[PDB]
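Pasting protein-v2.cif here (mmCIF, C-alpha atoms; chains and numbers go by the auth columns):
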data_model
#
loop_
_atom_site.group_PDB
_atom_site.id
_atom_site.type_symbol
_atom_site.label_atom_id
_atom_site.label_comp_id
_atom_site.label_asym_id
_atom_site.label_seq_id
_atom_site.Cartn_x
_atom_site.Cartn_y
_atom_site.Cartn_z
_atom_site.B_iso_or_equiv
_atom_site.auth_seq_id
_atom_site.auth_asym_id
ATOM 1 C CA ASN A 1 83.402 103.048 101.956 0.00 1 A
ATOM 2 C CA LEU A 2 85.665 104.594 104.577 0.00 2 A
ATOM 3 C CA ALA A 3 84.258 108.100 104.065 0.00 3 A
ATOM 4 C CA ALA A 4 80.819 106.794 105.050 0.00 4 A
ATOM 5 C CA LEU A 5 82.251 105.272 108.231 0.00 5 A
ATOM 6 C CA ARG A 6 83.945 108.559 109.144 0.00 6 A
ATOM 7 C CA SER A 7 80.675 110.426 108.605 0.00 7 A
ATOM 8 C CA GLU A 8 78.849 107.954 110.852 0.00 8 A
ATOM 9 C CA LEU A 9 81.522 108.202 113.551 0.00 9 A
ATOM 10 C CA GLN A 10 81.318 111.997 113.548 0.00 10 A
ATOM 11 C CA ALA A 11 77.514 111.804 113.640 0.00 11 A
ATOM 12 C CA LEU A 12 77.690 109.597 116.735 0.00 12 A
ATOM 13 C CA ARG A 13 80.023 112.146 118.327 0.00 13 A
ATOM 14 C CA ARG A 14 77.647 115.010 117.518 0.00 14 A
ATOM 15 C CA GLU A 15 74.842 112.933 119.038 0.00 15 A
ATOM 16 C CA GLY A 16 76.604 112.451 122.373 0.00 16 A
ATOM 17 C CA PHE A 17 77.607 108.798 122.171 0.00 17 A
ATOM 18 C CA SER A 18 80.407 107.427 124.377 0.00 18 A
ATOM 19 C CA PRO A 19 83.508 109.602 123.812 0.00 19 A
ATOM 20 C CA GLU A 20 85.820 106.808 124.947 0.00 20 A
ATOM 21 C CA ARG A 21 84.340 104.292 122.497 0.00 21 A
ATOM 22 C CA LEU A 22 84.389 106.865 119.689 0.00 22 A
ATOM 23 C CA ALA A 23 88.039 107.708 120.356 0.00 23 A
ATOM 24 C CA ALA A 24 89.006 104.038 120.051 0.00 24 A
ATOM 25 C CA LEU A 25 86.989 103.599 116.859 0.00 25 A
ATOM 26 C CA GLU A 26 88.393 106.806 115.364 0.00 26 A
ATOM 27 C CA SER A 27 91.969 105.654 115.982 0.00 27 A
ATOM 28 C CA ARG A 28 91.183 102.473 114.044 0.00 28 A
ATOM 29 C CA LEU A 29 89.462 104.500 111.315 0.00 29 A
ATOM 30 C CA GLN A 30 92.445 106.831 110.962 0.00 30 A
ATOM 31 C CA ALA A 31 94.849 103.896 110.655 0.00 31 A
ATOM 32 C CA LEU A 32 92.704 102.349 107.924 0.00 32 A
ATOM 33 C CA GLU A 33 92.561 105.692 106.107 0.00 33 A
ATOM 34 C CA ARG A 34 96.366 105.847 106.092 0.00 34 A
ATOM 35 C CA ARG A 35 96.689 102.250 104.889 0.00 35 A
ATOM 36 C CA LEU A 36 94.119 102.937 102.165 0.00 36 A
ATOM 37 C CA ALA A 37 96.031 106.010 100.986 0.00 37 A
ATOM 38 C CA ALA A 38 99.279 104.020 100.894 0.00 38 A
ATOM 39 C CA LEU A 39 97.653 101.256 98.840 0.00 39 A
ATOM 40 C CA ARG A 40 96.233 103.843 96.433 0.00 40 A
ATOM 41 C CA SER A 41 99.681 105.407 96.030 0.00 41 A
ATOM 42 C CA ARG A 42 101.315 102.059 95.228 0.00 42 A
ATOM 43 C CA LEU A 43 98.643 101.241 92.647 0.00 43 A
ATOM 44 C CA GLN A 44 99.273 104.643 91.058 0.00 44 A
ATOM 45 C CA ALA A 45 103.036 104.057 91.053 0.00 45 A
ATOM 46 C CA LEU A 46 102.525 100.684 89.361 0.00 46 A
ATOM 47 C CA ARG A 47 100.150 102.161 86.773 0.00 47 A
ATOM 48 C CA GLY A 48 102.513 105.056 86.056 0.00 48 A
ATOM 49 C CA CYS B 1 85.953 103.429 97.787 0.00 1 B
ATOM 50 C CA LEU B 2 87.732 100.092 98.205 0.00 2 B
ATOM 51 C CA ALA B 3 85.756 98.955 95.157 0.00 3 B
ATOM 52 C CA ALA B 4 87.611 101.549 93.080 0.00 4 B
ATOM 53 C CA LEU B 5 90.985 100.213 94.232 0.00 5 B
ATOM 54 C CA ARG B 6 89.859 96.634 93.603 0.00 6 B
ATOM 55 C CA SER B 7 88.720 97.569 90.091 0.00 7 B
ATOM 56 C CA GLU B 8 92.057 99.278 89.421 0.00 8 B
ATOM 57 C CA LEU B 9 94.035 96.322 90.775 0.00 9 B
ATOM 58 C CA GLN B 10 92.062 93.905 88.584 0.00 10 B
ATOM 59 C CA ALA B 11 92.496 96.168 85.560 0.00 11 B
ATOM 60 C CA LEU B 12 96.260 96.299 86.093 0.00 12 B
ATOM 61 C CA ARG B 13 96.271 92.504 86.303 0.00 13 B
ATOM 62 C CA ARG B 14 94.319 92.107 83.055 0.00 14 B
ATOM 63 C CA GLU B 15 96.780 94.515 81.418 0.00 15 B
ATOM 64 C CA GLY B 16 99.771 92.421 82.489 0.00 16 B
ATOM 65 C CA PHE B 17 101.334 94.611 85.150 0.00 17 B
ATOM 66 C CA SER B 18 103.730 93.006 87.633 0.00 18 B
ATOM 67 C CA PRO B 19 101.954 89.915 89.014 0.00 19 B
ATOM 68 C CA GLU B 20 104.269 89.821 92.032 0.00 20 B
ATOM 69 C CA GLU B 21 103.545 93.431 93.004 0.00 21 B
ATOM 70 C CA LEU B 22 99.813 92.984 92.377 0.00 22 B
ATOM 71 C CA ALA B 23 99.763 89.890 94.592 0.00 23 B
ATOM 72 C CA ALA B 24 101.320 91.854 97.456 0.00 24 B
ATOM 73 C CA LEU B 25 98.869 94.733 96.997 0.00 25 B
ATOM 74 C CA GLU B 26 95.894 92.374 96.768 0.00 26 B
ATOM 75 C CA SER B 27 96.805 90.854 100.135 0.00 27 B
ATOM 76 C CA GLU B 28 96.632 94.328 101.696 0.00 28 B
ATOM 77 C CA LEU B 29 93.434 95.221 99.834 0.00 29 B
ATOM 78 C CA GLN B 30 91.816 92.060 101.190 0.00 30 B
ATOM 79 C CA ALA B 31 92.979 92.943 104.707 0.00 31 B
ATOM 80 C CA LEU B 32 91.482 96.434 104.443 0.00 32 B
ATOM 81 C CA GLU B 33 88.183 94.980 103.224 0.00 33 B
ATOM 82 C CA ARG B 34 88.024 92.794 106.340 0.00 34 B
ATOM 83 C CA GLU B 35 88.971 95.682 108.629 0.00 35 B
ATOM 84 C CA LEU B 36 86.329 97.964 107.111 0.00 36 B
ATOM 85 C CA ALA B 37 83.560 95.405 107.599 0.00 37 B
ATOM 86 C CA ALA B 38 84.618 94.940 111.226 0.00 38 B
ATOM 87 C CA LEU B 39 84.681 98.684 111.900 0.00 39 B
ATOM 88 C CA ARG B 40 81.280 99.149 110.255 0.00 40 B
ATOM 89 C CA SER B 41 79.852 96.489 112.572 0.00 41 B
ATOM 90 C CA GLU B 42 81.286 98.208 115.650 0.00 42 B
ATOM 91 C CA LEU B 43 79.781 101.540 114.587 0.00 43 B
ATOM 92 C CA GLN B 44 76.416 99.848 114.035 0.00 44 B
ATOM 93 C CA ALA B 45 76.637 98.266 117.492 0.00 45 B
ATOM 94 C CA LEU B 46 77.398 101.641 119.077 0.00 46 B
ATOM 95 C CA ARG B 47 74.538 103.316 117.190 0.00 47 B
ATOM 96 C CA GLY B 48 72.113 100.539 118.160 0.00 48 B
#

How does this structure look as structure tokens?
Amino acid sequence: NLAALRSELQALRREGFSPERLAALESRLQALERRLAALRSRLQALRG
Amino acid sequence: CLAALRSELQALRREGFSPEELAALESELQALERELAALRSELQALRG
């Protein structure tokens, strides 16, 4: 679940964990979120 | 929820939707599943 990973990342930021490490992990998270949305769209287009 | 996309992909396959398009989408779904597990592990390592 990507939403759970985003919540955990933001919790670590609130808690004062390494900003540099969090920025790198968030960039990866955001890329996966975009790929997930694209996959969802293609599955919808196929279904439709 | 990657599980929701996997369930939809499998349902489209059972229902006879384009096998060639489903094969391409399943390759990306599998890649996202791997990437999510890796990111989860990195977040756990940062938390720990």

Item checked: Check: which chain B residues lie within 9 Å of chain A using only C-alpha atoms, as a ChimeraX atom specification -> /B:1-3,5,8-9,12,17-18,21-22,25,28-29,32,35-36,39-40,42-43,46-47

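Here CA of residue 14 (chain A) and CA of residue 37 (chain A) stand 26.3 Å from one another.
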
Item checked: Sel. within 9 Å of pt (93.8, 89.0, 90.6), counting all atoms listed in the file, output as JSON, numbers by chain -> {"B": [9, 10, 11, 12, 13, 14, 19, 22, 23, 26]}

Go ahead and fit an axis-aligned box to every listed atom of region 30-45 of chain A plus 8 Å each side, and pass me the centre and edge lengths in Å, one decimal, as lines of an AutoDock Vina configuration file.
center_x = 97.7
center_y = 104.0
center_z = 101.0
size_x = 26.6
size_y = 21.6
size_z = 35.9

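Here CA of residue 19 (chain A) and CA of residue 41 (chain B) stand 17.7 Å from one another.
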
Checklist line | Two-atom distance - CA of residue 20 (chain A), CA of residue 30 (chain B) (Å) | finding: 28.6 Å

Starting from the block above, write chain B out to a file with C-alpha atoms, as a PDB file, in the first residue's frame, please.
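Below is the file that was written, selection.pdb:
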ATOM      1  CA  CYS B   1      -3.686  -0.767  -3.139  1.00  0.00           C
ATOM      2  CA  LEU B   2      -1.593  -2.788  -5.591  1.00  0.00           C
ATOM      3  CA  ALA B   3      -3.776  -5.748  -4.609  1.00  0.00           C
ATOM      4  CA  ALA B   4      -6.769  -3.942  -6.115  1.00  0.00           C
ATOM      5  CA  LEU B   5      -4.947  -3.458  -9.422  1.00  0.00           C
ATOM      6  CA  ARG B   6      -3.784  -7.080  -9.390  1.00  0.00           C
ATOM      7  CA  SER B   7      -7.351  -8.260  -8.766  1.00  0.00           C
ATOM      8  CA  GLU B   8      -8.614  -6.081 -11.623  1.00  0.00           C
ATOM      9  CA  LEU B   9      -5.885  -7.296 -13.981  1.00  0.00           C
ATOM     10  CA  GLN B  10      -6.693 -10.931 -13.159  1.00  0.00           C
ATOM     11  CA  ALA B  11     -10.415 -10.283 -13.589  1.00  0.00           C
ATOM     12  CA  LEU B  12      -9.835  -8.735 -17.016  1.00  0.00           C
ATOM     13  CA  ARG B  13      -7.781 -11.794 -17.949  1.00  0.00           C
ATOM     14  CA  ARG B  14     -10.502 -14.221 -16.842  1.00  0.00           C
ATOM     15  CA  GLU B  15     -12.992 -12.178 -18.882  1.00  0.00           C
ATOM     16  CA  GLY B  16     -10.885 -12.483 -22.036  1.00  0.00           C
ATOM     17  CA  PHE B  17      -9.577  -8.955 -22.434  1.00  0.00           C
ATOM     18  CA  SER B  18      -6.513  -8.400 -24.623  1.00  0.00           C
ATOM     19  CA  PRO B  19      -3.876 -10.909 -23.455  1.00  0.00           C
ATOM     20  CA  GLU B  20      -1.096  -8.880 -25.077  1.00  0.00           C
ATOM     21  CA  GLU B  21      -2.066  -5.665 -23.281  1.00  0.00           C
ATOM     22  CA  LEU B  22      -2.570  -7.508 -19.985  1.00  0.00           C
ATOM     23  CA  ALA B  23       0.877  -9.092 -20.289  1.00  0.00           C
ATOM     24  CA  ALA B  24       2.472  -5.662 -20.700  1.00  0.00           C
ATOM     25  CA  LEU B  25       0.536  -4.253 -17.737  1.00  0.00           C
ATOM     26  CA  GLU B  26       1.356  -7.267 -15.565  1.00  0.00           C
ATOM     27  CA  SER B  27       5.075  -6.712 -16.151  1.00  0.00           C
ATOM     28  CA  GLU B  28       4.710  -3.167 -14.796  1.00  0.00           C
ATOM     29  CA  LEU B  29       2.498  -4.287 -11.907  1.00  0.00           C
ATOM     30  CA  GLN B  30       5.156  -6.816 -10.913  1.00  0.00           C
ATOM     31  CA  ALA B  31       7.832  -4.113 -11.097  1.00  0.00           C
ATOM     32  CA  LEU B  32       5.810  -1.804  -8.844  1.00  0.00           C
ATOM     33  CA  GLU B  33       5.308  -4.617  -6.330  1.00  0.00           C
ATOM     34  CA  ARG B  34       9.085  -5.071  -6.122  1.00  0.00           C
ATOM     35  CA  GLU B  35       9.696  -1.326  -5.833  1.00  0.00           C
ATOM     36  CA  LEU B  36       7.125  -0.957  -3.050  1.00  0.00           C
ATOM     37  CA  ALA B  37       8.677  -3.746  -0.983  1.00  0.00           C
ATOM     38  CA  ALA B  38      12.108  -2.148  -1.388  1.00  0.00           C
ATOM     39  CA  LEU B  39      10.851   1.293  -0.364  1.00  0.00           C
ATOM     40  CA  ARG B  40       9.029  -0.149   2.651  1.00  0.00           C
ATOM     41  CA  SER B  41      12.284  -1.764   3.783  1.00  0.00           C
ATOM     42  CA  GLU B  42      14.180   1.521   3.468  1.00  0.00           C
ATOM     43  CA  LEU B  43      11.542   3.332   5.532  1.00  0.00           C
ATOM     44  CA  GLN B  44      11.734   0.603   8.179  1.00  0.00           C
ATOM     45  CA  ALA B  45      15.527   0.928   8.248  1.00  0.00           C
ATOM     46  CA  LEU B  46      15.278   4.699   8.698  1.00  0.00           C
ATOM     47  CA  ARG B  47      12.675   4.325  11.460  1.00  0.00           C
ATOM     48  CA  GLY B  48      14.769   1.684  13.241  1.00  0.00           C
TER      49      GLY B  48
END
